[PDB]
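First, one chain by itself: the form deposited in one PDB entry, in structure tokens.
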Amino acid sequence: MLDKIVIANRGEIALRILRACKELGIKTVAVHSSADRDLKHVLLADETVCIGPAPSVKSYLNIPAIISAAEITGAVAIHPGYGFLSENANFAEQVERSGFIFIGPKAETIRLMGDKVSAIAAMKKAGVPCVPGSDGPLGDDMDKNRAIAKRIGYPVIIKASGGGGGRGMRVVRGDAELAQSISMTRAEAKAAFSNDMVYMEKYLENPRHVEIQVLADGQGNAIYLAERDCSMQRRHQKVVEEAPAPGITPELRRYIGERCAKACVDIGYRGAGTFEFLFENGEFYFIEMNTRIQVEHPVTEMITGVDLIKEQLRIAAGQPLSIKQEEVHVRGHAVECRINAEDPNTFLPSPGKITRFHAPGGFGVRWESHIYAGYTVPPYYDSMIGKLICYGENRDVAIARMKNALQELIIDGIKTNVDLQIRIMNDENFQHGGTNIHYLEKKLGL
């Protein structure tokens, strides 16, 4: 096993990784900004290194500082968590070039999945169903681009190859708006990604967001760990995630899961990963792959018994996956509610000092958060301060436990979305299940 690792992240995910390390007897190095000295995981870590000031550019995105911290502490690996540098192929490359293990796939694989055009080509080649599209980047010939749009059939959507997670796309409903839509998407892509490449897909009207979790080791094993429905979202920010996805049968799960695992083998995938799909009229369409462990990983852990972070670390050390595909069983149901420090009317981050804190407990209740009484949520980082995960023998029990747990949760001194989460749990359409990606924003609009 890895002797010692740098946790190149903060907040709840840093604590999550620290726990997994502690379980495996791995020494921890907590790199942190000057604003994060009193983070729970920092206080629990074996060694700590202040890598810079509050702003992320000089701390959590500071590649030299992070690598230097690994060097000086004699760490052997770096876990990037999610966000920050976790999908930064150049960082992964530098980590490996510097002689440390990057907890993720090969840098070339990160780069492939970061190039949405090339990722789709690879997935399509491997037998994964994709959205009907341009199958290549759009040029500047608008006669050709109109022909592609006609072949696909309107509405279509223009997307930046360097984008993803809702970033760098726009819907086109007729020829009249096509040229300008392509030009603007391209200009925004150039400005944001220093990559002006764009592509076209059919715009699905009312899909659900359903993603598949995979794990692949360096011994050739690749497994899928069911799916997650992430359709309950606002402006591409997930709000509630659940596993399994309501209405997905064992046969569909098998069908799409096997295709994702096969794709992993074809591309030489290593580590945890997520295949994102749109799901509509009983059909899956691949849009994007993530290579990091994600925020919503805990729902998959609850329904499979697999500790995904521990698997990442075992894989990185050269150990095979601790479980075979035949040993992966979906059992029960899990729901995750993201807890955000945000204003209820604006939805802007609402930082501040927590004056009173109480976490929920009980059977099937899992609380993932670094916060504590007297902890100050800084203004410099994301608004998500914790994750409440509830498991039950079925979806109704999971939801009932969530309702109870949300009622026990006390976070005074700052504004949170606990009340909104309670409203969602009480929503009759959510209780029925299978609401589409548009549902929450429509509910909030009314």
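Only the largest set of C-alpha atoms that superpose within 1.5 Å between the two forms is called the rigid core. Residue positions are given as counts along the sequence shown, with the first one as 1.
There is also a form deposited in another entry; it is not shown, and the following applies to it.
Superposing the two forms on their core leaves just one of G362, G305, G374, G136 with a Cα displacement of at least 2 Å between this form and the one not shown, namely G136. Note on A119 and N145: their C-alpha atoms are more widely spaced in the other form, a change of at least 3 Å from this conformation.
Between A119 and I148, the Cα spacing is larger in the other form than in the shown form, differing by no less than 3 Å.
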